[PDB]
Structures are given as structure tokens and as C-alpha cells.
Enquirer: 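The structure's right below; bear with me while I get my questions together.
Just so we're on the same page: letters track the sequence lines, and every chain starts at 1. Hydrogens, waters and symmetry mates are skipped; everything else that's a heavy atom, side chains included, is used.
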Amino acid sequence: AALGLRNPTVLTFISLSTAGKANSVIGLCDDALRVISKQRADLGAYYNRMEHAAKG
Amino acid sequence: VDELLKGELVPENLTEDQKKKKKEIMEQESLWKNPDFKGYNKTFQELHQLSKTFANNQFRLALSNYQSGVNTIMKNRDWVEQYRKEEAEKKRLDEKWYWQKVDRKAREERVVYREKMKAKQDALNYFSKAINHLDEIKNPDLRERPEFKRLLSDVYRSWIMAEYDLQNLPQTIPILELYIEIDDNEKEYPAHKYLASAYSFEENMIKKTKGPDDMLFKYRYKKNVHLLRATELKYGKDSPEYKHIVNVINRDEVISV
Amino acid sequence: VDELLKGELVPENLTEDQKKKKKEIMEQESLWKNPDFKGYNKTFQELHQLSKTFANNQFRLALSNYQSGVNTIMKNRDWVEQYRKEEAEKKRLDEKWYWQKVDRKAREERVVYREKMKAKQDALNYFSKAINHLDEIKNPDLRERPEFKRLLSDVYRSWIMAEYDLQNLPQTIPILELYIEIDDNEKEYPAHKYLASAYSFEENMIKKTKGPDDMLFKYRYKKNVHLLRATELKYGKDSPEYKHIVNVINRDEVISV
């Protein structure tokens, strides 16, 4: 739901049974991949600062 | 008479004894005035769900969502009308072949169809929110009021109309059946027309996926019942249209002689 | 006639001499009035278990647990009926395929099964507590009273029905054999219906694990005894069903020509 792959209200998730639908899903996965990448960045950024603090 | 003119469910303000009871409780709550109080046990505060203040607040939230959903549908038709007007009025200096005009036309149809579905999906979310707001009105007395039945039918009708456009026919069956149980909506032929198509979709899926025979028949019987009822409500019984449908249904159904 | 209307086993209050005897003993207990006395040797104080006061307190304890266990079962059936009602009445805006309906139903049947097994276990603990109280009523005279046999049969009946739902069939056999020794409970066909199944379970396990042949035939013979008896009580001797069971039983067992 948070990655945009499922409607948080109606609860229907994406489908690839139609060629026209699949083209629009390609854009959906791009935004889904961006959200995960932005999340992994913040986690790694926290890990880097914590690594400095332990050495300090 | 418009039931949504005031935008409220029930107008909230008489007995001398009741006026005395209301006086003493207000005094008691002043003694225990504590805005930071939070009930550890939720049972008592949940009784507020049966109040008239709660029902009015839920009714207005559903009204707000219903208006937004209708605005989504109506603005889309305004945009589609404006888009077609703008496309026809712009100069095509590099179009000289008939197949070029067919090619240019098909893009406009694809653009229009794309935007319509986006509007239908956006409006459906508003209606689904409006549906949920009315479902948590737990007071049966407030559910029988004309204002509630006026909004409940309008929310159901728009949700059914939009969901059919998204080709989600089987989802419209539960909502359509609750629609014809309110007031005299059962006498509307559009309600039974939609149920005929929706149950035909279910019948094909059982036939296609080779499901149970019992479900195949039930979807077939429900399809015929509402198909015939819609014919009667619009063209009348013992009409030329009605006789046509009876021949079809008898041929389709299984009978024993 | 209800033997549990008053909620007591025996009413505790005549002879002129006996009334005099009780008076002097009450006087002796006044001279030695010592609330802090504790008997080093428990044999004398253990005779209190033969009193009417002891049995009445135990009977109410067994009665109290029995009601809690029965109320536990009945509250569950209210919950299951309420739960099924609520699920069918809520909206499924994302369910458009038949397999989606099948999967949603399968989830509900798991939730219902989970609570039933939980409810049966909760009651079975109560019924076992009720059974434990009744076995420590050591006065044979008070054990013959109509109030006692009324509660004893109800406690056993509720316990056996709960135990069978938990599939602990071999445990029901000792309790069922005690049930059919109370009043004319032996003439109930459900009592012999359960013994038919429970002994069948025992025979299968001896066959499955290659147990002793003596235990194989004993459980086989007992299974036929209570299957034939259950048919006779419900359908009657020399009935078509009774003829059916005799053919089956004669075929299964070993006979000599």
C-alpha cells in the first residue's frame, strides 16, 4: 500500500493481465523502486553516523 | 422537496422533567471537568457513536466525499468536452492523407479514454469513503430518516455507475441489491438493467472457468429475473418487448414438461 | 420438576432427645472456644467431609463451575452466529472473482474453528472442576438424592460432549460408562452412539500399531455391543435399520458354524 502497488482504500493491487495496464505498471515500479532506495539511503546514513559516534 | 438542502441528518435543539435532567448532568460534568481525561476502558466512550452529534458529523463527512466524487465526474466531462473542442479548432498544416486523419483521431480517443478512467477511479475512492462514513452510523432510528435515505441512494447510485465503467461488474452486485431495498428504488428499471449485465458476467466466468454447476445456474436465474423485471418496468407487462424477453428466458432456462 | 431450582443438595435444618443432645454439645464447644486451634492429627477433622455442610458447599462449587462451563459454550454459539452475521454484512469492494469468495470463506471457517476449539477447552476445564468436586462428596446417602444425580448426569453429559469435539475419544469411554449407570440414562441412544464411535477409535489404534489380539477383540466386541444397542433405542428391534446393523456386526465379528 505504501509503495503504491496497492490502493490503501479499496485494497486492489496492480495487475499485468492487460498490455495497456502493464505499460502503466512500469511507471509504478519505478516509483516503488525509488521509495525503497530512498529508505535504504536513510538507514545507511544513520549507520554511518552511528559508526562515527561509537569511534568517538 | 430536497432532503440535502440543509446538509444535515437530524436537526438537534422540551419536557420540564427532561430539562431538569439535562441541567443536573451539565452541573456534574463541570465538577469532573478534565480535558486531559482518556478512558482506559473504551466501552463507555464508544456510546458516543449512538449520539446525534456523532451521526450528524458522520453524515456531513459522507456528504463532503459524495460532493467531491460528483465534482470529479462532472469536471471530467467538462474537460473532455473542452479537449475535443480544442483539438478540432487547431490547424493541421501537415495532414493531407485520410489515414493521417484516422491516425490523429485514434490518439484523441486514447487520450480521452485514459483521462476518463482516471476520473472514474478518483471519484470511486471518494464514493467508497462516503459509503464507509454512513456504515458507522449505528442508530437505526436515524437511518430511517428521509435525508439519510436520500444520500444513501445517491452514494450507492454513483458508486454503482462508476464501478461499472471500471468494468468491475461483480463488485456492483452487493451494492445494487442494497440499493433496491431502500424506499421504492426497486421500481427503477436502470437498477435491474445493471443487475442483468452483472449477473451475466458471473455466469460467463463460471462457464469459462468450469466452476460448480450450482453457481452457474444461480447466476443464470438471477440474470433472468432482473432482465425480465427491467423489461417490465420500462416497457410494461404483456408488451411486445416483454413477450420477446419471455421467449428468450424460457429458451435459456431449463424446464420440464 | 427441576432438581436445581433451590441450588442445594439436601435441606439442612425433630426428636426431643436429639434436640437435647445437640444443645449440650453446643455448650461444650462454647467452653473450648478456640478459633486458633489446629488439629495435629487430621483424622478427626477429616470427618467433616461426611457432614451435610460439606456436601452443600461442594454441590454449589460443582454447580457454579457447571454453569460457567455451560455459559461458556452458549456464549460461543452467540459469538459464532454474530461473527458470521457481521462478516456477511460488511462490504467487499475488492472481491470480484469466485476464488476470492472461496478464499475469504476459508479464512472465516478457520477463525470460527479456532474459537470453537478454544471455547470447548475453556468449558472442559470447568466441567472437569465440576467432576472433581462431586467425587469428594463422601456420604453415600447424599449421592443418591435426585438433585445429585440431576447435576451428576448434566456435568458428565456436558463433559463428554466437549471431550468428543476435542477428538479425545478414548478418554470419553470411562466417563460414558459412569453416565449409563445413573438412573435410566442407559436408555438414551446418544449415550450409546458416542460409545460406538469411541470404541471404534480404540480398535483402529490397536490394529494400526499391531497391538495385542486380546485388546483388538475386546474393543471390537464392545463396539458392536453399543452400535447394536444404539440402533435398538432409536429405531427399535426387528426394524429395517436393526436388521441392517445385525448383518454388519455379524459380518465383522467371528462366529462358529
Enquirer: Just checking B:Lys223: does its NZ atom have more than 12 heavy atoms from other residues, nucleotides or ligands closer to it than 6.0 angstrom?
Expert: yes
Enquirer: Report, as yes or no, whether the 6.0 Å neighbourhood of atom CZ on B:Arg77 holds more than 12 heavy atoms from other residues, nucleotides or ligands.
Expert: no
Enquirer: Scan the chain B/chain A interface and emit each donor-acceptor pair under 3.5 angstrom with its distance.
Expert:
| unit_1 | atom_1 | unit_2 | atom_2 | d |
| --- | --- | --- | --- | --- |
| B:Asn125 | OD1 | A:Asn7 | ND2 | 3.2 |

Enquirer: Is it true that, when you exclude B:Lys149 itself, more than 12 heavy atoms of the residues, nucleotides or ligands shown sit nearer than 6.0 Å to its NZ?
Expert: yes
Enquirer: More than 12 non-hydrogen atoms from neighbouring residues, nucleotides or ligands closer than 6.0 Å to OH on B:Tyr221, yes or no?
Expert: no
Enquirer: Please indicate whether B:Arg60 has more than 12 foreign heavy atoms, meaning atoms of other residues, nucleotides or ligands, lying under 6.0 Å from its CZ.
Expert: no
Enquirer: Is it true that atom CZ of B:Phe201 has more than 12 heavy atoms of other residues, nucleotides or ligands lying nearer than 6.0 Å?
Expert: yes
